[PDB]
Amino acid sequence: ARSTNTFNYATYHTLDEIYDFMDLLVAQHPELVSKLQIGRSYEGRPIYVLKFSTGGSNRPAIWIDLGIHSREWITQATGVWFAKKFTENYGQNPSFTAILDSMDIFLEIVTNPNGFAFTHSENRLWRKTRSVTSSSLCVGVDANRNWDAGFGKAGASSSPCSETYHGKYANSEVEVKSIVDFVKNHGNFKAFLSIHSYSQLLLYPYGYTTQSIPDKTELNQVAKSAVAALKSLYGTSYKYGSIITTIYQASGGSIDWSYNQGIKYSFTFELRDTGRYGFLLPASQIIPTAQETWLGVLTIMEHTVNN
């Protein structure tokens, strides 16, 4: 580093290296990327979103967030490689270039900064935010149980010490509310992508009820395609389907909330692996994992642009 070109993508980085990488990239591509602060975390850290845009007014946008669960380190590293990928391929790749010429892409690499900081200094398997429940001494809320979609219903814990704790009311965590507000104010998101690990799954709604979304046929066919493009590189196999049906019942999840707000293409990716290394995926796996998951995400953006 000194430029994102000498930056090392095949290694895990700390919160400071990633935020400093963001400034390097914007500085290197000032007319394509900008850094927006959409909030501050519970402990007072800035929450950043990179906007990639080739111009326009309120262009149709794609939201992608990573690291809402802080111990899932393959997602922040994949986000860093994505962000680089976007500035390299815009101009050279024809379908990506055509997506960016008509749509804006919003990328949040570290959705949960306080827990990420905590996985480096004190506990590598921390999942939740770091908010302090005054009613309790256990710290933190599961941010993927805190959205207003089946909030507080089965599929989440109501105990503060649980690592699935939904929190006291929907959007109690400022890390969640900061996205909700940015995404209601813009008003023109067409796709909402949340990246997690692990298990090799591509999921769409719902997580809290077995009822079918009205557009199941389409999201299913889209998932089918993305999974096939992803598998093209290294043969990695992904399963896909609704959340409740494909990993387990979960309530208050973010993609059920964006899909209920009108954002039709709402999917969550569960990255490598399927359990052998789990959350502590070796660093040798970052690049093959980021390359193949990019082919799946590019498939969804392409469907979004034309349908």
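All residue numbers refer to positions in the sequence shown, first residue = 1.
Comparing 39-47 with 63-71, the stretch with the higher mean C-alpha B-factor in the PDB entry is 39-47.
As listed in the deposited structure, the average C-alpha B-factor of 298-306 and of 1-9 is greater for 1-9.
Across the options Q200, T217, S172, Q76, the residue with the most elevated CA B-factor in the record is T217. Set against one another, the Cα B-factors of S162, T119, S135, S225 in the record reach their highest point at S135.
When the CA B factors of the chain's modelled residues are split into thirds, the value for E108 lands in the lowest one. For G235, the recorded CA temperature factor ranks within the middle third of the chain's modelled residues. In this PDB entry, the Cα temperature factor of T209 sits in the middle third of its chain's modelled residues. Ranked against the other modelled residues of its chain, the C-alpha B-factor of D148 as given in the entry falls in the middle third. Annotation for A290: C-alpha temperature factor in the lowest third relative to the rest of the modelled chain, per the entry.
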